[PDB]
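Chemist: Generate coordinates for the sequence data below:
(chains A, B and C, ligands or ions: 1)
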Amino acid sequence: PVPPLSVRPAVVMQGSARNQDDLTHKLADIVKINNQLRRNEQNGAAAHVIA
Amino acid sequence: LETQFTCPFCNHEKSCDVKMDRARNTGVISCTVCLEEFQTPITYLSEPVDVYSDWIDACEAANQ
Amino acid sequence: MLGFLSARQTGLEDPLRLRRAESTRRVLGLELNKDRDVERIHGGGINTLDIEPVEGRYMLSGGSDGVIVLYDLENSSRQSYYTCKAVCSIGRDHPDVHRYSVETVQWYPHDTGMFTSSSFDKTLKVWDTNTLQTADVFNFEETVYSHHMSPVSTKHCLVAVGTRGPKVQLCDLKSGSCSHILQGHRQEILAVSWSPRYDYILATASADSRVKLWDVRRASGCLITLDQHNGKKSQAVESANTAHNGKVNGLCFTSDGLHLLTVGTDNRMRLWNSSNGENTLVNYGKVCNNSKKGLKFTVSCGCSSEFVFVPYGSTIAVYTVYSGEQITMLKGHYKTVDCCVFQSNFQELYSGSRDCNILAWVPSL
Ligand SMILES: [Zn+2]
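Modeler: Residues are numbered from 1 along each chain as shown, chains lettered A, B, ... in the order given. Find the structure here:
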């Protein structure tokens, strides 16, 4: 479960740079490795690489 | 100090198990994969790292 | 037997009859050699043996110490007692010696001028037998458990390699292409064997308890997956259709190539119709093996009944392939037997074991 935006607000900063919340960054990490792992398990990948 | 060692003969990681028979002052190191076995004397201060040490030394000496 | 000679002279029986009957009788009378010895050079256990397919004179032996010894099996002396002398040796002083145990060595079929050796040092080396120098090396990302060249291929010269990776590698000895792989296994591929009958048929046995037959020309994976029950316990193919209830660590096509003998770590050997992988339900009883790597076993050739010689603990169990009846135990080794190779010309056997001995079994009388 991805939480909504209010649990992880993207606070705006003195300029226009929108700083994201720690949860958003972490979901970025989970998403990237999930997508990358998905393409490996879908394809041929070493069992230790999949592990 | 790890107790499972890579075998010098088959290079299988953590495939070597060490048995310390203190009552007979002998350590026996055996690879599960290639079934290579080695026996060395041990003391009460000895450890599986010392038995694997004696095995590596015996291998290098015999291979001269 | 004088009946056999008389029938051959009088034309009552084809000479085929005497030849195969006497071959079978010789195999049944297999015993520890009375007057023969094999030179001892391996410092460690012998993991593999291979007598050359043409002229059956020279034998390769790979030891757990990484050396490869080349023996002459012919009794070039005049005595009845002789030792199979070692002609050549990739010893510890050779620049190209394997750093770890040699697990499979195989003469190049169709010619004795080249052989190959795969090791747990993640290399398949191709050696020129004359100069005794590595003609080529194929490196793998994971240790090699077995390899095999096709004993039949006049067209292709592929070496099928089974490593701890889940992929069967096909190394082209023609211009070196080790990129080809076969997908479909899930654990270490402990044995590989080309069909002696069909040029492009390869059987692969892996630790996932499955044996797959591939047409390597094909683009659509394995042809057949061997199933113990043939369909009694049928399920969508994700984990079912297992050849054994353990690791399948040995393959051997029969002499004609119409059947496949698979030995697994469930203490069972099974015989499979090589054309559709159906289990023939030949029993064989309990075949003790617990080897964590490939198990090398061979079948007889040129006999009235086909035999299979399987390492069985510190012994050689001889079974009848198509009936499963246990012939005998060749009992002369002191540790577990790793390999046995059958000389078909004279119905002889050479067994290598962990006791650093190669023992020769010859027919008695
Ligand atoms: Zn080992």
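Chemist: and the gap between residue C:250 and residue C:50?
Modeler: In this structure, residue C:250 lies at 15 Å from residue C:50, with CB to CB, to the nearest Å as the measure. C-beta: built from backbone N, CA, C; applies to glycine.
Chemist: Report how many residues lie close to residue C:2.
Modeler: Other residues within reach of residue C:2, judged by other CB atoms under 10 Å in any protein chain shown, total 6.
Chemist: Near chain B, which residues of chain C are found?
Modeler: Counting by CB under 8 Å from any CB of the partner chain, the residues of chain C close to chain B are C:43-45, C:47, C:64-65, C:92, C:99-101, C:120-121, C:143, C:292-293, C:335-336, C:354.
Chemist: go with 6 Å
Modeler: In this structure, chain C approaches chain B at residues C:64, C:92, C:100-101, C:120, C:292, C:354, judged by CB under 6 Å from any CB of the partner chain.
Chemist: Could you find the closest non-adjacent residue to whichever residue of chain B sits closest to chain A?
Modeler: In chain B, no residue comes nearer to chain A than residue B:13, which is 11.3 Å away by CB to the nearest CB. Ranked by CB to CB, 6 or more residues apart in numbering or on different chains and with sequence neighbours excluded, the top spatial neighbour of residue B:13 is residue B:6, at 4.9 Å.
Chemist: Report the strands that pair with whichever helix or strand residue C:145 is part of, each with its relative direction.
Modeler: Secondary structure assignment for residue C:145, by DSSP states H and E: strand C:144-149. According to DSSP bridges, strand C:144-149 has the following sheet partners: strand C:158-163 (antiparallel).
Chemist: Can you name the residues in contact with the helix or strand just after the partner strand?
Modeler: Scanning forward in sequence from strand C:158-163, with DSSP H and E defining helices and strands, the next element found is strand C:168-172. When contacts are taken as CB atoms under 6 Å, 6 or more residues apart in numbering or on different chains, the neighbours of strand C:168-172 outside the stretch itself are C:138, C:158-162, C:178, C:180-182, C:189, C:204.
Chemist: is stretch C:115-129 up against the ion anywhere?
Modeler: No. Counting by CB under 5 Å from the ion, the ion is not contacted by stretch C:115-129; separation bottoms out at 8.1 Å.
Chemist: hmm, back to that, just the residues of chain C next to chain B now: which is nearest residue C:107?
Modeler: Distance ranking of the residues of chain C next to chain B against residue C:107, using CB to CB, places residue C:101 first at 19.2 Å.
Chemist: and that closest one, how many residues sit next to it?
Modeler: Here the count is done by other CB under 10 Å, and residue C:101 has 29 residues near it.
Chemist: One more: the one 5 residues further on?
Modeler: For residue C:106, the neighbour count with other CB under 10 Å is 21.
Chemist: list the contacts for residue C:49?
Modeler: Applying CB under 6 Å, 6+ apart, the residues contacting residue C:49 are C:61, C:339, C:341, C:350, C:352.
Chemist: Kindly provide the distance from residue C:79 to chain A.
Modeler: Using CB to the nearest CB, to the nearest Å, we find residue C:79 at a distance of 55 Å from chain A.
Chemist: can you give me phi and psi for that residue?
Modeler: Backbone dihedrals for residue C:79, given as degrees, to the nearest 10, come out at phi -80, psi 160.
Chemist: Turn the contacts of residue C:49 into a markdown table, including secondary structure, neighbour count and distance to residue C:54.
Modeler: What follows is the contacts of residue C:49, written out as a markdown table (DSSP: H, G, I helix; E, B strand; the rest coil; neighbours: other CB atoms under 10 Å in any protein chain shown; distance: CB to CB, whole Å):
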| residue | secondary structure | neighbour count | distance to residue C:54 |
| --- | --- | --- | --- |
| C:61 | strand | 26 | 18 |
| C:339 | strand | 26 | 20 |
| C:341 | strand | 21 | 15 |
| C:350 | strand | 25 | 17 |
| C:352 | strand | 28 | 22 |
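Chemist: so which of those residues comes closest to chain A?
Modeler: Among those, residue C:339 lies closest to chain A (CB to the nearest CB), at 27.9 Å.
Chemist: For the closest one, which residues are in contact?
Modeler: C:48-49, C:296, C:352.
Chemist: Burial check on residue C:302, number of neighbours?
Modeler: Using other CB under 10 Å, residue C:302 has 15 other residues around it.
Chemist: ignore the last one, residue C:218
Modeler: By the measure other CB under 10 Å, the count of residues near residue C:218 is 11.
Chemist: That one and chain B: what is the separation?
Modeler: With CB to the nearest CB as the criterion, residue C:218 and chain B are 33 Å apart.
Chemist: Equivalent analysis for residue C:192, please.
Modeler: Shown here: residue C:192 relative to chain B, a distance of 18 Å by CB to the nearest CB.
Chemist: what's the helix or strand for that residue?
Modeler: Residue C:192 belongs to strand C:191-194, assigned by DSSP H and E.
Chemist: what packs against that strand?
Modeler: Of the remaining helices and strands, those touching strand C:191-194 by 3 or more CB pairs under 6 Å, 6 or more residues apart in numbering or on different chains; DSSP states H and E are strand C:144-149, strand C:201-206, strand C:248-253.
Chemist: Make CSV out of those and add distance to residue B:17 and mean neighbour count.
Modeler: Shown next, in CSV, are the helices and strands packed on strand C:191-194 (distance: least, CB to CB, whole Å; neighbours: other CB atoms under 10 Å in any protein chain shown):
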stretch, distance to residue B:17, mean neighbour count
strand C:144-149, 21, 25
strand C:201-206, 25, 27
strand C:248-253, 20, 26
